[PDB]
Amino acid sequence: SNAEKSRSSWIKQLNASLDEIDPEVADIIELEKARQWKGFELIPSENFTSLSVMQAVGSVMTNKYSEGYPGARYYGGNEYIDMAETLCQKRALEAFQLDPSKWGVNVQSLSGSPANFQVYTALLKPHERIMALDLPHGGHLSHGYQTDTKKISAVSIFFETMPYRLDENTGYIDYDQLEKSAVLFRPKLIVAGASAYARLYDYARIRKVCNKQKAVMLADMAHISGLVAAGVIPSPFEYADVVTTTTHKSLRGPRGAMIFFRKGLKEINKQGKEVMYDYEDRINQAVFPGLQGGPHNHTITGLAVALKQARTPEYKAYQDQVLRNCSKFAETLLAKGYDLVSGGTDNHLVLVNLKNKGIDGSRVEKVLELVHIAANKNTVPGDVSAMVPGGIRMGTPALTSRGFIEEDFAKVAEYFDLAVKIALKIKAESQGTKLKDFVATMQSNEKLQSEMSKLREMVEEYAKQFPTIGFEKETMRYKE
């Protein structure tokens, strides 16, 4: 009686819906759905995943252990997991128009940050040297980072890192100083990859420095991979030895990562011997058995779906719109008196340098957040500290996914400008000059609270008009 009652009970538990089993979690998800419906989402690393990707990520593919590689597994039962991973690899090469005799791919790395660590582990001995764009100048923690205080990224613990920096007069990477630094530092690997950079890489110049230094050229295209797949910006694959990327962000896939690497002939050396690329086995073995265990086959299957979408004409039109929206956004910001780092943009984001407006990014970000415009404060050339940012970073991928077009991003720039004006009013009313005096005014001044409520209402009414991505408005729990 009790034994069978219990067995029926745990089977019911396993087959019941989330709404029935865990209403508290279901409610949180419904609140997050409403949040994604109502906001101006300008964080340039964020996007809205398709329903079909989410259905694959939420499938029974999660149940399987499949250590190894297709057709070379350690466990049985992997006939269909092998189909998915093989299909994912094939679509990954196709999405970037790569010759499979010249390029291989690993689709098992769990996210962007460990993907880079796996490349370093594959190709570098402990304490060998890496150069990458300095984090406050637009780099990423997974390329290394250390302050005067301590090593922040563990890449800087296990490997020896050194940054390269912007030309702070132009806002572009200072390639001349990168080259001169590399002569002295002797990197074994140079990363060409940025997060908060409004320009595209001079991959040809990085390639020249890497050739002279006999360094691996790693392109980390996480922020731009969807633009690359659509063919609307130049491809790092024209030059790089290894290419890493997140599968989320501009690719618009599940949370995950890919590692691409050259295969085949590198050069015939001076003795007439072929030198072959030595990346495939080293990288595949660093991922497994080196640093990961069982692949996440639900994510790999969702990635295959995302990579199919990436080849379509609709996806190319989407990425074209991302760029055109960002240019219109930049146009409108310039017309309204804002300064852009490097003077403009060539991609999906802008960096606004707020110095000429007489207020910093931390104050503006707080007002934007209260009116449901998501952006983030950003270091700009000229800041005295990497902890007091003078700028704001904003981008177009997420709202473009919901159907914002050029005229809509002109409106986004208008509402951003209205938020900046409120921030300046709060600063003017602030009894003091420190950020705590600013937030005290921002939370007690009823007149300025009312202006922010009004602007928040304007933001939400504009955003709500657009389709929701990945779920239906009609079945949302929270329709106000």
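Note that residue numbering begins at 1 and tracks the sequence as displayed.
- Look at the mean CA B-factor for 339 to 347 and for 253 to 261 in the entry; the higher one is 339 to 347.
- In this entry, the higher average B-factor at the C-alpha atoms falls on 226 to 234, of the pair 157 to 165 and 226 to 234.
- When the C-alpha B factors of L435, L31, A56, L42 are read from the deposited coordinates, the top value falls at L435.
- Out of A26, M61, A419, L51, it is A419 whose C-alpha atom has the highest B-factor in the PDB entry.
- Sort the modelled residues of the chain by CA B factor and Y172 lands in the middle third.
- Sorting the modelled residues of the chain by their CA temperature factor places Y74 in the highest third.
- In this PDB entry, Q443 carries a Cα temperature factor that places it within the highest third of its chain's modelled residues.
- Residue-level temperature factors show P295 in the lowest third of its chain, judged at the C-alpha atom.
- Sorting the modelled residues of the chain by their CA temperature factor places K188 in the lowest third.
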